[PDB]
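Asker: This is the structure alone, sequence omitted:
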């Protein structure tokens, strides 16, 4: 969707890889983020797969 | 809101057969669909969640499939304890939405109804109103049409229907239809008739009476 | 053994208020997200509201937003649903249900027995019992239990001594806002005259017990 692409442009241009890896490594932080954003579970899965592809690069 | 289209609404089956309930979503929900069993008296039970994860304690004959948009709940070699009400639900997002339900009923041979008409009582006429009751006793399957006529004028908007649960002994149904009228208009007309249509009857049956 | 008990249900007027409550046991209540689901008289299931593990987030359905408020007390192991501006549309059986803890929104793995709520302008009224007399080798007879409020009414035949052939129909809500119901029994046509048939109608809410003898003519 377009909202996933907005999270992608936001995570690339405004978040450090140390802050992004602290989110992908800590499930407590991740759960707090998706609940705060009110993401449907399928978009939260797509976004986590996308942010893992981006963080490894 | 994600809309869920669950089909069929009714399903007649025999013990030992394999059945499938379908469930379609208005938008993609990945594997996030749950299935519930509701029996009269007991609480609502979770069978499956996340499309195909069987809940602990549930028999292996309950098996869920699908992802994205289309899902199926399959019950293989039906046990007598499985004849119940089943509901699907999406748990991908809030608001949690449900399918309309599927009643899994017991299949038996075709049985035509015995039709009875009952005129209003004099006690009831004395109190300003009039109820004509038309009874269809012990039939199978549930599909039946009941049409009220007053002086050959087809009635509409003034009758109500009530149907029993499938009988525990003989797996049959019964239906009660009441035509409610003002005592004033009950006296305007003469002939009262209910025409019944059911697959067990060769041609439609009429039961009628003359007021007085 | 997980246990969900709901209470506080009853009869309310349109525009009124009511507070449902649900006490939980057999599990650590503070570690779980809870949901409120309701089942309408047409048998449709409808999700109402949900509250998070520690009251941080609340969720409501479109029909209920702005009138209902969900809350919980983890010290007292209770969950609540304050309802207001009640509509006839809110007449349903209300269930507190526990969610699975894999995601903030999830399937409901445990449900309670329910608590009945009825929103209506009508006032408590006992039924009028009329006979459905036979003759028009098996005969059918019964009685019409009409214009009562609220549900339920119980119907037995010959003080429960006549079970076979009896069909008591689900009640129907009329345009008047009062319930109407029928009870019929099929008997051998030879037994008409030699045996008496009486339907014993009981309506606890109006303290009404009636015995109507059904006979031919």
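Answerer: Done, it's in. Residues are numbered from 1 along each chain as shown, chains lettered A, B, ... in the order given.

Asker: residues from chain B in reach of chain A?
Answerer: B:28-30, B:32, B:91-94 (CB under 8 Å from any CB of the partner chain). Every residue, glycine included, has its C-beta placed from N, CA and C.

Asker: Now which of the residues you listed would you call buried?
Answerer: When the residues of chain B next to chain A are checked for burial by 16 or more other CB atoms under 10 Å in any protein chain shown, the buried set is B:29-30, B:32, B:91-94.

Asker: from these, which two are the most distant?
Answerer: B:30 and B:94 (15.7 Å; CB to CB).

Asker: domains in chain B, as residue ranges please.
Answerer: Following curated CATH domains, one gets these domains for chain B: B:4-106, B:114-210.

Asker: any chance of those in a markdown table, with distance to residue C:123 too?
Answerer: As requested, these are arranged in a markdown table below (distance: least, CB to CB, whole Å):
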| stretch | distance to residue C:123 |
| --- | --- |
| domain B:4-106 | 30 |
| domain B:114-210 | 18 |
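
Asker: Generate TSV for these, with distance to chain C as supplementary columns.
Answerer: Below are the domains of chain B laid out as TSV (distance: least, CB to the nearest CB, whole Å):
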stretch	distance to chain C
domain B:4-106	4
domain B:114-210	4
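
Asker: For chain C, which residue gets nearest to chain A?
Answerer: In chain C, no residue comes nearer to chain A than residue C:104, which is 4.2 Å away by CB to the nearest CB.

Asker: Assess the claim that that residue and residue A:33 are in contact.
Answerer: No: Residue C:104 is beyond contact range of residue A:33, at 10.6 Å (criterion: CB atoms under 8 Å).

Asker: Looking at those two, which has the bigger crowd around it?
Answerer: residue C:104 (23 against 15; other CB atoms under 10 Å in any protein chain shown).

Asker: Check the offset of stretch C:23-37 from the chain's centre.
Answerer: 24 Å (CA atoms, centre = their mean, to the nearest Å).

Asker: just the helices in chain B please.
Answerer: Using DSSP state H, the helices found in chain B span residues B:122-126, B:183-188.

Asker: tell me which parts of chain C are close to chain A?
Answerer: C:52, C:56-57, C:103-105.

Asker: Taking those residues together, which two end up most distant?
Answerer: Spanning the widest gap among the residues of chain C next to chain A are C:56 and C:103, at 15.0 Å by CB to CB.

Asker: Neighbour count for the two, which is higher?
Answerer: residue C:103 (21 against 11).

Asker: these two touch, right, the more buried one and residue A:41?
Answerer: Yes: contact criterion CB under 8 Å: residue C:103 and residue A:41 qualify, at 5.3 Å.

Asker: quick one: residue C:178 and residue B:127, what's the gap?
Answerer: Using CB to CB, to the nearest Å, residue C:178 is found at 14 Å from residue B:127.

Asker: For those two, indicate the residue with more neighbours.
Answerer: Remark: of residue C:178 and residue B:127, residue C:178 carries more neighbours, 19 against 13, as counted by other CB under 10 Å.

Asker: can you tell me which residues contact that one?
Answerer: For residue C:178, the contacting residues are C:122, C:125, C:146-149, by CB atoms under 8 Å, 6 or more residues apart in numbering or on different chains.

Asker: just to revisit the earlier point, from the residues of chain C next to chain A, which is closest to residue B:171?
Answerer: For the residues of chain C next to chain A, the nearest to residue B:171 is residue C:105 (40.2 Å; CB to CB).

Asker: SS state for residue A:42?
Answerer: What DSSP: H, G, I helix; E, B strand; the rest coil gives for residue A:42 is helix.

Asker: Please read the previous query as pertaining to residue C:177.
Answerer: Following three-state DSSP, we place residue C:177 in the coil state.

Asker: correct me, but it touches residue C:119?
Answerer: No: Residue C:177 lies out of contact with residue C:119 (CB under 8 Å); the separation is 10.9 Å.

Asker: Could you check which of the two has the larger neighbour count?
Answerer: Legend: neighbour count by other CB under 10 Å for residue C:177 and residue C:119, higher for residue C:119 (19 against 14).

Asker: For that one, which residues are in contact?
Answerer: Residues near residue C:119 by CB under 8 Å, 6+ apart: C:12-14, C:16, C:86-91.

Asker: And the buried ones among those residues, selectable in ChimeraX?
Answerer: A single ChimeraX command selects the buried members of the contacts of residue C:119 (16+ other CB under 10 Å):
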select /C:12,86,90,91
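
Asker: Now the contacts of residue C:119 in a markdown table, please, with extra columns for distance to residue B:71.
Answerer: As requested, those are exported to a markdown table (distance: CB to CB, whole Å):
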| residue | distance to residue B:71 |
| --- | --- |
| C:12 | 38 |
| C:13 | 42 |
| C:14 | 38 |
| C:16 | 40 |
| C:86 | 35 |
| C:87 | 33 |
| C:88 | 34 |
| C:89 | 29 |
| C:90 | 30 |
| C:91 | 31 |
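
Asker: Find residues that contact each of residue C:103 and residue A:41.
Answerer: With contacts taken as CB under 8 Å, 6+ apart, residue C:103 and residue A:41 have residue B:91 as neighbours in common.

Asker: Now do the same contact list for the residue in chain A positioned nearest to chain C.
Answerer: Here the residue of chain A nearest chain C is residue A:35; by CB to the nearest CB that distance is 4.2 Å. By CB under 8 Å, 6+ apart, the contact list for residue A:35 reads C:52, C:56-57, C:104.

Asker: Distance to residue C:36 added to the residues you listed, as CSV?
Answerer: Formatted as CSV, the contacts of residue A:35 follow (distance: CB to CB, whole Å):
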residue, distance to residue C:36
C:52, 13
C:56, 17
C:57, 14
C:104, 16
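
Asker: how close does the spatially closest residue to residue B:12 that is not a sequence neighbour get to chain A?
Answerer: The shortest distance from residue B:12 to any residue other than its chain neighbours is 4.1 Å, reached at residue B:107 (CB to CB, 6 or more residues apart in numbering or on different chains). Distance, residue B:107 to chain A, by CB to the nearest CB, to the nearest Å: 38 Å.

Asker: With residue B:142 instead?
Answerer: According to CB to the nearest CB, residue B:142 stands 38 Å off from chain A.

Asker: Same check on residue B:45?
Answerer: Taking CB to the nearest CB, one finds residue B:45 at 23 Å from chain A.

Asker: Quick check, residue C:120 in contact with residue C:176.
Answerer: No: contact between residue C:120 and residue C:176 fails when scored by CB under 8 Å: they sit 10.9 Å apart.

Asker: ok, the two, which is more surrounded?
Answerer: Neighbour count, other CB under 10 Å: between residue C:120 and residue C:176, residue C:120 has more, with 17 against 13.

Asker: Let me see the contact set for that one.
Answerer: C:11, C:13-14, C:88, C:91, C:149-150, C:177.

Asker: let's go with 6 Å and repeat that
Answerer: Contacts for residue C:120 (CB atoms under 6 Å, 6 or more residues apart in numbering or on different chains) come out as residue C:177.

Asker: What of the one 10 residues further on?
Answerer: Contacts were defined as CB under 6 Å, 6+ apart; by that measure residue C:130 touches B:121, B:123-124, C:144.

Asker: Now for the contacts of residue C:178: which two are most distant?
Answerer: C:122 and C:146 (13.9 Å).

Asker: Between the two, tell me which one has more neighbours.
Answerer: Higher neighbour count among residue C:122 and residue C:146: residue C:146, with 22 against 17, using other CB under 10 Å.

Asker: So which bits of the host helix or strand of that one are buried?
Answerer: In this structure, residue C:146 sits in strand C:138-148 according to DSSP states H and E. By 16+ other CB under 10 Å, the buried positions in strand C:138-148 come out as C:139-148.
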